[PDB]
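**Q** Next up is a structure, given as structure tokens.
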Amino acid sequence: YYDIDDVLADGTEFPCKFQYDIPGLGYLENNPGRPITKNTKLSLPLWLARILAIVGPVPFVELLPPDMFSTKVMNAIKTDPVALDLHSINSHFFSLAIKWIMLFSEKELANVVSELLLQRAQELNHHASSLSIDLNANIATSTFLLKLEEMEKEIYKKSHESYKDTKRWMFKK
Amino acid sequence: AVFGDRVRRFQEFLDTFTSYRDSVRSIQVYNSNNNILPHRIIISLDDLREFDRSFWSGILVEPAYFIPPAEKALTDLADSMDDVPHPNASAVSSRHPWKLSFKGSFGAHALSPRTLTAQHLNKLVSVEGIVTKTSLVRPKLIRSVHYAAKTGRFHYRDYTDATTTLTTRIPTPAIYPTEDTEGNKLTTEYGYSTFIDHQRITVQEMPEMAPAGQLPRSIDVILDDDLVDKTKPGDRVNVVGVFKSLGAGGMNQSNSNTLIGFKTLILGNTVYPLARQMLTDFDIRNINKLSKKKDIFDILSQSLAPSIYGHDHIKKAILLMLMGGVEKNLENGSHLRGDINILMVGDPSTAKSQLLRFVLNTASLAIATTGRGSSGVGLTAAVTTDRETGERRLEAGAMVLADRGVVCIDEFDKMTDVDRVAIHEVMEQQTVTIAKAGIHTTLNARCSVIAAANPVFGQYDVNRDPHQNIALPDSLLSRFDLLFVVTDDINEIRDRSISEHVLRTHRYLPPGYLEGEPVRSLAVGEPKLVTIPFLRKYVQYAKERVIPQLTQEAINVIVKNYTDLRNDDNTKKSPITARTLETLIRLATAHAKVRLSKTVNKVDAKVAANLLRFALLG
Amino acid sequence: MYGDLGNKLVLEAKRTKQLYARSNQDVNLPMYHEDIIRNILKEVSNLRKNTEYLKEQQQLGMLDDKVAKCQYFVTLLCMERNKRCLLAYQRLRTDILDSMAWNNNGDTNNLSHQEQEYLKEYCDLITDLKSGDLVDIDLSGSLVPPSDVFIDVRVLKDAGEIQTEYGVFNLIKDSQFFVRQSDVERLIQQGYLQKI
Amino acid sequence: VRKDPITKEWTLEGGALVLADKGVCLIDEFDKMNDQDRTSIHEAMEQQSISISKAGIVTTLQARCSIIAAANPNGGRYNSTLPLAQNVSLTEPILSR
Amino acid sequence: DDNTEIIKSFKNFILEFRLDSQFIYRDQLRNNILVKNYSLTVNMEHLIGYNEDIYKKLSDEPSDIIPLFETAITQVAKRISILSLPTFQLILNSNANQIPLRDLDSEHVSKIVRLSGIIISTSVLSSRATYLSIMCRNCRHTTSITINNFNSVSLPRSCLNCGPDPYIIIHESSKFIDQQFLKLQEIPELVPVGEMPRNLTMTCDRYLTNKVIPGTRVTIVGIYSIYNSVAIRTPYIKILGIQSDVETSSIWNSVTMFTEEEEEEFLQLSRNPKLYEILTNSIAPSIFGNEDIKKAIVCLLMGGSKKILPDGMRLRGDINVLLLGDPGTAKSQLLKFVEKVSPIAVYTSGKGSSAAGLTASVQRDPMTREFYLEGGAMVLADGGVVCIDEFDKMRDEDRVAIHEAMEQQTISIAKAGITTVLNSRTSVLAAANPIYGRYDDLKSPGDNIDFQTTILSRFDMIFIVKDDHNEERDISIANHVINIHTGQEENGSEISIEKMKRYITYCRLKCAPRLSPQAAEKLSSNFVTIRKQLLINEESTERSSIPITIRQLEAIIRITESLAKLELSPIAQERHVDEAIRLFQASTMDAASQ
Amino acid sequence: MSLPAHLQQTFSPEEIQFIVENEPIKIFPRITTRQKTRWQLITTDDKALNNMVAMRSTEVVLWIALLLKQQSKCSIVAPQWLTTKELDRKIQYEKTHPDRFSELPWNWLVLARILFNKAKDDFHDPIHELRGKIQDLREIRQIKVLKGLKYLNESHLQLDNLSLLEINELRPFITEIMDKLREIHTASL
Ligand SMILES: Nc1ncnc2c1ncn2[C@@H]1O[C@H](COP(=O)(O)OP(=O)(O)OP(=O)(O)O)[C@@H](O)[C@H]1O
Ligand SMILES: Nc1ncnc2c1ncn2[C@@H]1O[C@H](COP(=O)(O)OP(=O)(O)OP(=O)(O)O)[C@@H](O)[C@H]1O
Ligand SMILES: [Mg+2]
Ligand SMILES: [Mg+2]
Ligand SMILES: [Zn+2]
């Protein structure tokens, strides 16, 4: 509730489709102060979309399949989890996937996401373990780092700091 | 041993998915009924991965050992399916096995000509780029059939090449057998022998994606059989094939270089166009509904270049040029072009170059050229030699390349007369005549020309007459249907509006980007402004399925307008001529095309007259 | 829409958190974003006005049940989102202030008046805690386990003959001491000395 | 810049200035020089370097040569009454160099 | 026999070296293996310290000893990574005296040498053979060959009856590596008297490819070998290690290479309350005054931000500066310093330039008879600054070729059947003189400037520098120059060239600020005021030669964004708008008013 | 707040060292405290220190042993497992069984570092050989850890005989990855 990343994740826009005729809800639409007809298609933030979908018999809104959980993205995930660039797809992919799974009680997406997370964490740990050495006194690391999601970035930072602290303590003069 | 096991496994895979079996049956039925469809099947790598991980991985990393088994399995399935009663002698002797084709998602094998390295050799890859070269099509010998009169039996020989098969085999000289095993004379049966087409193309990295300060790189591709003529220079393609290595590469003692690497190229499996947007029923209905609006022209014109303030009339002219008129060729021989040419002469910083860039991006086919960057030969066609064949040929130029398209010329006045002559001929005749190195041919060049230029002094002067301001020849000027003179006038209201618009535009941020962050595929086969893709769909629909015909009322309006404009005391920035009547007719036809109307009505004539009057007398 | 200002505020909060994480030793809280919070509160007031108008219309008007329900729910959800964004931002700033207070034994222009009062009260609370049965321990002490009884230290900033509880150390700049780590731990903490 | 007869590739050749590296370049009849010709030496006479950007050749040479020039005043004879500037057709930069 | 002992010695060196309590090379090898980087960098001083005999053996016959070292590295890597992997690459670092490129001769044949030069050309990656699978035509005998890339190998001449050369390579079972060719020129300062710069052919393998771009100074460690293209051999260099002062990897990639200790040094510097003054003082410390021009150069180096609109329209983000002034103003020295400090820069003379020189040139290959495109100063200086000295000397024809490059940041070529649009995202810093060599106040500005308005409008800031004879300023300048001739603050008031270049790269790759609404309102008001003033200033006799169009508004926006980027500030406020407006008034409006 | 972020949910290496130095160790006193002032400790036992005789084996706490060693008043008896022969046997055991970990002491790395830094002349074997053996053991264990990291799941996980320092190093990554997998699985239901 007070965790910053969770607040940001809930702000992403998801496709929606109203099922009732609600005058005066134009401010959600592009134009203000006009009635919104049924079946109208628009994107709403997750915080408003989820509650409107669950509450409202025929609810107020129907959550259409997003573009982040499409067949193309699933196939790319299955084909090459490590090479897939998740940041461009979304910066809160794992959080939004967990929320979607909780909302819809589905197991195929859960399996796919679990496999993707495990296969990505393998390389994440490899990179975190990899540490530099100063002989006098990179490219792949940064290339992979550019592809990471926010949660993966946090895990990478924690693990890298732990490894660095252990190495520093071990080799302190 | 393993080959048979792989063949059986792919047979099981094909059996599990009945879509490929249905496609093969449909192809065979169509061929039997009757022009013909090549023996090729597109399979989805995702389905193969879901079915058998090992086979999918092998095809991806070791195509040489896993593709031929799949092709043999598909050929066996098709042959078992075939039920032709009488096989023709050519059919019996024909060596026409089914060839496999791939689609889906290439995770890490989706590369470009720049990223292809030695680590990717002998692997299935997808290459995206632009075609720059295209060798001539020539037949290639694979099988030879011979006849022995005394024995009365047909003997055949099979040939192989480095590029014909994925797996290496002993080279076979093309020397036709002459004698039988026992010494019997042999006669070549050309009609029963099998030849296949062969072509070599060069795919170039897209210039926009190249690194900083480095020129684009290119890779060679080999196309055989039905993929021979699927591309032309200047096309954007997505080629799937197997990266290969050929030759000794200096290994042989005859090469003393000891510093030279091997040869490399791609044996293409698919060619995926990247130009015509498929129209759905929903899209067609939306296009019709939008066209039924009275002010469709205004909305469509405004939707062009939303980031450019003003220039409404130039935007309307650009839209009409994109839609284009109707081209009529008379029996006597006279040819009347339907393309509309536009010229803009104005002061610096008037959004001419930005308009050229926008029309370059929006138009389905468009070629960009500069004044100082182009030549006469580079515009028309260059004489060159074919590597594959060693035959003197022609290379398409800017003009040729843009056939049935648009060519954008920037800095039109910074050219040379030598260069200008080519253009003059192009616009006047819409054809290219070449007389070089024993080559006599006429090239079709039917393109709309949109160009920008500056006054001789660099700033339009009202006091001086139009002739002095523009140094371009009068004959060249007369070919342009519309001439727009745009000047930068200092006015408080207009200055404030333009400054506010520019400031608002400069504050744009892209989706998914944080403030202060600088601006940096998944699958292969796969009064409100109108979005650009919808505009492209609308333009394609209108230009493809509408041919407006003239009517009497439009003719009355056109002749009235022409009579009024030509004999009027008021001066004109451009002289009136009989070409103005053709320009008016062309603009009326284009406006009729805008509305998806089979006939040209009074509204179209009025709009064309208004546009011409604005272009002439401001 | 409605939550864009709150989203921007949370983005700024994330930036502040990243700055805090990156910083090694010295941290200075950015200026309190008074303008954004003022705009958010004005938006909340506008939403309250909308809710009151909807209630009045329902009392006397042609509005029906479904429309009223949907509008009321949308307004309430928007208010909840704005409240959550504000509270998250304030909580992050308060946590950073708490860490700063604990770092000391017990500029301010960036803080607001409420935050300054909160910091003063928290420092008072820390001192009161230190005054209890844990007086023998120094709760606001070093969290690094003691390793060496005697260490070499060097004076970093000149100061007079400061009389500490353990003894008198005439801190002449550029002079080394061979003393116990416990005795001069506080001086190292304040930056007068250095372990080298 | 020329094309090499043997290798058929663009190449760089030196000039008077190059040949006079750590030496002297003597230009008799300086005032009779073409404007274009004259203007060439501007960079060389102060920066002591030659910059060439032609036919894809982007390079900078070393020209550490001193220049001694002989010139005739306008009209064929010096007019001691008029200022120096009016007696010669050279411009301010070349004179300052 | 001896090879096994050499391999054992190298393995012992790898597994036993230690300077305090870390096995440097063991840990380095493990870390490199973790990230799929099959190589190892060895410092030769450590090798000398461990055992001088090993260094003597390595130096005596490098071409025969290095492969044994690679084999030892591979064996140690297999031991350390696999619990019971292609051949690893050896990269060397040394501090030996650098031999001038021209001093390389017969005496240095087959020896490890260190030299520095300028890369002028790079080739397309080729494919070399490491593991070859071969088969005999007649008896179909399968055999394999292992090839090292060090040249003092061929297909067997006799099968294992079969004719000469009976083996044919099976390609699908072979393994290949990457190879590249480079052309290295000698530094201009090291060239002998009255001699053309000398070129040297060099080669790199595997992990040393795609490491340098043309026009960047580099230091090379390699073997001076020879290859037979009859009594002569063509010299060449086998690269063993590349050391450059420019992070080429971070320039051509969105990826950025900066150590954690660097990133935190550049943040601390940015936190300085007066970084602007430090950078202004850090440019041309030997030139007196010209503070405004130094600030303009700082803005040009930092550059603005580029925006790509959804409709496809692209907005320029580079700042161009023109210097029109009298002789002795020190414009050329400023241009030279800018060329020296910028990460990428090319210094060119207008006089000695051409249309084909400065954009791109159609060139026919002598052998293939095919036409290719070489690159010119504005392709070689992509992502940097082009210093066009003697701008006025340039012919019209040549000049006119620059417009699209400056504004649209592209090069359009339609020649010899080549139709392409190159990328040239460069900033142009030009210096020129008036028509008569001095700005004569008696004559109108139009008569003092021969430049057409079209070219001038593209320059964001125009500086009309006039030499005024003031006794106090003259004395100050004389004292400064005398102190320079007869004669290191580094106390936070100035940073060296290397640090400034690194900071410029970091800022360019990290920040791209944006204008706030207040900045936009102020900028619109100022633009309206400036245009109104220009309209008022017009005289009936002539029209303003110095133009004020939308391009000047864009230029001011770019200057403000560059000022904001200077401090790594994600947003540009009115504080930066005021400085940008002051600079514009001091340069462009100052030129126009006169 | 009260506790920094890097000390949350995990121990710093200094804390691990502090935990290690609480264990006993054998020393050879170089003075005779036993009588034929008095240590009065409240955390450990003081009987051993008081009844200390010269060149007679006695057991005390590791930190007290190091404090005595600093004064050159006691020679630390190195652990039996820290011999070249025993380390070689452990390396052989690791090599023969790629699935398990050798039964090294839970404080072998920390104790080895402490003894190498503080007690260099007490070891009977050359220090460099011991350093090499420890390095080889560490690399083998790292290979085993990397191989075993592939089985992370929403359910439990077993890592037998893994030392304290390695567990401390791996705690963040393992814990977070397993937590996220558990969260996904719970959401699936
Ligand atoms: N009406 C306009 N609205 C917005 N921006 C404009 C407008 N006119 C000009 N500009 C700005 O002008 C900048 C440069 O001008 P542009 O290159 O389009 O000029 P041009 O017409 O090609 O002139 P020339 O080639 O003679 O210099 C563009 O970045 C664009 O932002
Ligand atoms: N303010 C100054 N401080 C130091 N040196 C100066 C200053 N002004 C001029 N000089 C020196 O004066 C000489 C002028 O040569 P320079 O090539 O720099 O001139 P320029 O301004 O480019 O003129 P030109 O138009 O004649 O080429 C140089 O040696 C420069 O060092
Ligand atoms: Mg232009
Ligand atoms: Mg100069
Ligand atoms: Zn044989």
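Starting from 1 in every chain, residues are counted up; chains themselves are A, B, ... following the order of the structure tokens, and ligands are numbered from 1 as listed.
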Dump the neighbourhood of ligand 2 as number ranges by chain: all residues within 8 Å, distances computed on only C-alpha atoms and all ligand atoms.

**A** D: 42-43, 46-47, 93-94, 96-97; E: 286-290, 325-334, 390, 431-433, 437, 477, 480-481

**Q** What does the list of residues within 6 Å of ligand 1 look like if you count only C-alpha atoms and all ligand atoms, written as a list in words?

**A**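 I would give the residues around ligand 1 as residues 308, 309, 310, 347, 348, 349, 350, 351, 352, 353, 354, 454 and 502 of chain B; 315, 407, 454, 550 and 551 of chain E.
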
**Q** Can those selected residues be exported to a file as an mmCIF file, in the first residue's frame so that it contains C-alpha atoms?

**A**
```cif
data_model
loop_
_atom_site.group_PDB
_atom_site.id
_atom_site.type_symbol
_atom_site.label_atom_id
_atom_site.label_comp_id
_atom_site.auth_asym_id
_atom_site.auth_seq_id
_atom_site.Cartn_x
_atom_site.Cartn_y
_atom_site.Cartn_z
ATOM 1 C CA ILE B 308 3.201 21.697 -39.308
ATOM 2 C CA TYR B 309 1.227 24.861 -38.573
ATOM 3 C CA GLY B 310 -0.793 26.285 -41.446
ATOM 4 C CA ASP B 347 11.921 31.802 -47.994
ATOM 5 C CA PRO B 348 14.101 29.800 -45.587
ATOM 6 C CA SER B 349 12.395 28.011 -42.696
ATOM 7 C CA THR B 350 8.974 27.519 -44.288
ATOM 8 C CA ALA B 351 8.516 23.756 -43.660
ATOM 9 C CA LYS B 352 9.183 22.702 -47.260
ATOM 10 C CA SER B 353 11.752 20.072 -46.275
ATOM 11 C CA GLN B 354 9.519 18.800 -43.469
ATOM 12 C CA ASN B 454 14.590 28.778 -53.044
ATOM 13 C CA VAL B 502 6.394 24.852 -31.824
ATOM 14 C CA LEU E 315 13.437 17.682 -34.815
ATOM 15 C CA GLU E 407 19.235 20.845 -41.058
ATOM 16 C CA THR E 454 19.658 30.463 -46.405
ATOM 17 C CA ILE E 550 11.362 29.684 -36.604
ATOM 18 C CA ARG E 551 14.849 28.172 -36.744
#
```

**Q** Please extract the residues of chain D with a backbone DSSP assignment of helix (DSSP H, G or I) and present them as a ChimeraX atom specification.

**A** /D:16-19,30-32,35-39,42-47,74-76,84-87,92-96

**Q** Check the DSSP output for the backbone and give back, as an mmCIF file with C-alpha atoms, in the first residue's frame, the residues of region 35-108 of chain A in strand (DSSP E or B).

**A**
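Written file, result_9.cif:
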```
data_model
loop_
_atom_site.group_PDB
_atom_site.id
_atom_site.type_symbol
_atom_site.label_atom_id
_atom_site.label_comp_id
_atom_site.auth_asym_id
_atom_site.auth_seq_id
_atom_site.Cartn_x
_atom_site.Cartn_y
_atom_site.Cartn_z
ATOM 1 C CA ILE A 36 -20.546 7.536 -22.925
ATOM 2 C CA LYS A 41 -13.629 1.101 -26.289
ATOM 3 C CA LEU A 42 -11.114 3.038 -24.199
ATOM 4 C CA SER A 43 -8.110 2.509 -21.935
ATOM 5 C CA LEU A 44 -8.371 3.122 -18.190
ATOM 6 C CA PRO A 45 -5.869 2.906 -15.320
ATOM 7 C CA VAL A 61 -16.802 -2.841 -17.824
ATOM 8 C CA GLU A 62 -15.213 -5.867 -19.478
ATOM 9 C CA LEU A 63 -11.429 -6.227 -19.384
#
```

**Q** Using only C-alpha atoms and a distance of at most 9 Å, pull out the residues of chain A that contact chain C, as JSON, numbers by chain.

**A** {"A": [1, 2, 3, 4, 5, 7, 8, 11, 20, 21, 22, 23, 24, 25, 27, 28, 29, 30, 45, 47, 48, 51, 52, 56, 60]}

**Q** Residues near residue 27 (chain F), anyone? I mean within 7 Å using only C-alpha atoms, not counting same-chain ones fewer than 4 positions away, as a VMD selection string.

**A** chain F and resid 57 to 59 74 to 77

**Q** What is the CA of residue 510 (chain B)-CA of residue 314 (chain B) distance in Å, reported with one decimal?

**A** 28.3 Å

**Q** Can you tell me how far CA of residue 233 (chain B) sits from CA of residue 129 (chain B), in Å to one decimal?

**A**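 These atoms are spaced 11.3 Å apart.
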
**Q** Hey, list the chain B side of the contact with chain E: 7 Å cut-off, only C-alpha atoms, answer as a CSV table (one decimal) with N, CA and C atoms, in the first residue's frame.

**A**
```csv
chain,number,residue,atom,x,y,z
B,64,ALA,N,20.9,-28.0,-41.6
B,64,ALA,CA,21.4,-28.9,-42.6
B,64,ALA,C,21.0,-30.3,-42.4
B,117,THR,N,27.4,-12.7,-37.9
B,117,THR,CA,28.8,-13.0,-37.6
B,117,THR,C,29.1,-14.5,-37.8
B,118,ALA,N,30.4,-14.8,-37.6
B,118,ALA,CA,30.8,-16.2,-37.8
B,118,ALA,C,30.1,-17.2,-36.9
B,119,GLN,N,29.6,-16.7,-35.7
B,119,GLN,CA,29.0,-17.6,-34.7
B,119,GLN,C,27.6,-18.1,-35.2
B,122,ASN,N,25.8,-21.8,-40.4
B,122,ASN,CA,25.1,-23.1,-40.4
B,122,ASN,C,23.9,-23.1,-39.5
B,167,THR,N,23.5,-30.0,-47.6
B,167,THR,CA,24.6,-30.9,-47.2
B,167,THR,C,25.6,-31.0,-48.3
B,168,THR,N,26.9,-30.9,-47.9
B,168,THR,CA,27.9,-31.0,-48.9
B,168,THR,C,28.0,-32.3,-49.6
B,170,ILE,N,29.9,-34.3,-53.4
B,170,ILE,CA,31.0,-34.3,-54.4
B,170,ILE,C,30.6,-33.4,-55.5
B,207,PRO,N,19.6,2.2,-43.7
B,207,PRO,CA,20.5,3.2,-43.3
B,207,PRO,C,20.2,3.8,-41.9
B,208,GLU,N,18.9,3.9,-41.6
B,208,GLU,CA,18.5,4.6,-40.3
B,208,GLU,C,18.9,3.8,-39.1
B,211,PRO,N,25.0,2.0,-37.2
B,211,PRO,CA,25.7,2.7,-36.1
B,211,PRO,C,26.1,4.1,-36.5
B,212,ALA,N,26.6,4.9,-35.6
B,212,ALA,CA,27.0,6.3,-35.8
B,212,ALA,C,28.4,6.3,-36.6
B,213,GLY,N,28.4,6.9,-37.7
B,213,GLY,CA,29.6,7.1,-38.5
B,213,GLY,C,30.1,5.9,-39.3
B,245,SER,N,28.7,-21.1,-45.8
B,245,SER,CA,30.1,-20.9,-46.3
B,245,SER,C,30.4,-21.7,-47.4
B,251,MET,N,42.5,-21.9,-48.4
B,251,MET,CA,43.0,-23.1,-48.0
B,251,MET,C,43.9,-23.8,-49.0
B,252,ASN,N,43.5,-23.8,-50.2
B,252,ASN,CA,44.1,-24.3,-51.4
B,252,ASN,C,45.5,-23.6,-51.5
B,253,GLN,N,46.5,-24.3,-51.9
B,253,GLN,CA,47.8,-23.9,-52.2
B,253,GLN,C,47.9,-22.9,-53.3
B,256,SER,N,48.0,-17.8,-52.3
B,256,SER,CA,49.1,-17.4,-51.5
B,256,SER,C,48.8,-16.3,-50.5
B,257,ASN,N,47.6,-15.8,-50.5
B,257,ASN,CA,47.2,-14.7,-49.7
B,257,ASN,C,47.3,-14.9,-48.2
B,261,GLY,N,39.5,-14.8,-45.8
B,261,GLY,CA,38.5,-15.6,-45.3
B,261,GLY,C,37.7,-16.3,-46.3
B,262,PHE,N,36.7,-17.0,-45.9
B,262,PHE,CA,35.8,-17.8,-46.7
B,262,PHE,C,34.7,-16.9,-47.2
B,305,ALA,N,0.6,15.8,-41.7
B,305,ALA,CA,1.6,16.6,-41.0
B,305,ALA,C,1.0,17.4,-39.9
B,348,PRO,N,13.6,30.8,-46.5
B,348,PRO,CA,14.1,29.8,-45.6
B,348,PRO,C,13.2,29.6,-44.4
B,349,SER,N,13.2,28.4,-43.9
B,349,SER,CA,12.4,28.0,-42.7
B,349,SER,C,10.9,28.2,-43.0
B,358,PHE,N,7.6,14.3,-44.8
B,358,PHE,CA,6.3,13.7,-44.4
B,358,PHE,C,5.7,12.9,-45.6
B,369,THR,N,15.7,12.4,-53.0
B,369,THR,CA,16.8,12.9,-53.7
B,369,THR,C,17.1,14.3,-53.4
B,370,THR,N,18.3,14.8,-53.5
B,370,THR,CA,18.7,16.1,-53.3
B,370,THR,C,19.3,16.7,-54.6
B,372,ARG,N,22.2,18.5,-55.1
B,372,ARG,CA,23.6,18.4,-55.1
B,372,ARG,C,24.1,17.0,-54.9
B,373,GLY,N,23.3,16.1,-54.5
B,373,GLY,CA,23.5,14.7,-54.3
B,373,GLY,C,23.2,13.7,-55.3
B,374,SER,N,22.6,14.1,-56.4
B,374,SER,CA,22.2,13.4,-57.5
B,374,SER,C,22.9,13.8,-58.8
B,375,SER,N,22.8,12.9,-59.8
B,375,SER,CA,23.4,13.1,-61.1
B,375,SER,C,22.4,12.7,-62.2
B,377,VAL,N,22.8,10.4,-64.6
B,377,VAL,CA,22.9,9.0,-64.7
B,377,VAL,C,22.2,8.3,-63.5
B,378,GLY,N,22.5,8.9,-62.3
B,378,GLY,CA,21.9,8.3,-61.0
B,378,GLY,C,20.4,8.5,-61.0
B,379,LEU,N,19.8,9.4,-61.7
B,379,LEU,CA,18.4,9.6,-61.9
B,379,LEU,C,17.7,8.7,-62.8
B,381,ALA,N,19.3,5.8,-65.2
B,381,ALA,CA,19.8,4.4,-65.2
B,381,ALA,C,21.3,4.3,-65.5
B,382,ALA,N,22.0,3.5,-64.8
B,382,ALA,CA,23.4,3.2,-65.0
B,382,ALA,C,23.7,1.9,-65.7
B,395,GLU,N,20.9,-0.7,-64.4
B,395,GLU,CA,20.5,-0.5,-63.1
B,395,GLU,C,19.5,0.7,-63.0
B,396,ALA,N,18.4,0.5,-62.4
B,396,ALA,CA,17.4,1.5,-62.2
B,396,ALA,C,17.8,2.6,-61.4
B,397,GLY,N,17.5,3.8,-61.8
B,397,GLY,CA,17.7,5.0,-61.1
B,397,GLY,C,16.7,5.5,-60.2
B,398,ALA,N,16.7,6.7,-59.7
B,398,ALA,CA,15.8,7.3,-58.9
B,398,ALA,C,14.4,7.3,-59.5
B,458,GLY,N,17.6,34.2,-52.3
B,458,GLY,CA,17.4,33.6,-51.1
B,458,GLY,C,16.2,34.1,-50.3
B,490,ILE,N,6.1,38.6,-41.0
B,490,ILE,CA,6.2,38.9,-39.6
B,490,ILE,C,4.9,39.5,-39.2
B,492,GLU,N,2.3,39.7,-35.5
B,492,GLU,CA,2.3,39.4,-34.0
B,492,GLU,C,1.4,38.2,-33.8
B,495,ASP,N,2.9,35.1,-35.4
B,495,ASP,CA,4.2,34.7,-34.7
B,495,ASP,C,3.9,34.1,-33.4
B,496,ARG,N,3.0,34.6,-32.6
B,496,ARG,CA,2.6,34.0,-31.3
B,496,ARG,C,2.0,32.6,-31.5
B,499,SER,N,4.9,30.2,-32.6
B,499,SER,CA,5.8,29.9,-31.4
B,499,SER,C,5.1,29.0,-30.4
B,500,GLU,N,3.9,29.3,-30.1
B,500,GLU,CA,3.2,28.4,-29.1
B,500,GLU,C,3.1,27.0,-29.7
B,503,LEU,N,6.5,25.3,-29.4
B,503,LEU,CA,6.8,25.0,-28.0
B,503,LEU,C,6.0,23.8,-27.6
B,507,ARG,N,7.6,19.8,-26.5
B,507,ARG,CA,7.4,19.2,-25.2
B,507,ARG,C,6.9,17.8,-25.2
B,515,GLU,N,11.0,11.3,-17.9
B,515,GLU,CA,11.5,12.6,-18.2
B,515,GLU,C,13.0,12.7,-18.2
B,516,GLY,N,13.7,13.3,-19.2
B,516,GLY,CA,15.1,13.3,-19.3
B,516,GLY,C,15.8,12.1,-19.8
B,517,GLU,N,15.0,11.1,-20.3
B,517,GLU,CA,15.6,9.9,-20.8
B,517,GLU,C,15.7,10.1,-22.3
B,518,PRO,N,16.9,9.9,-22.9
B,518,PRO,CA,17.1,10.1,-24.4
B,518,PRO,C,16.3,9.0,-25.1
B,520,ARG,N,15.9,6.2,-27.8
B,520,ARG,CA,16.8,5.2,-28.3
B,520,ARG,C,16.2,4.7,-29.7
```
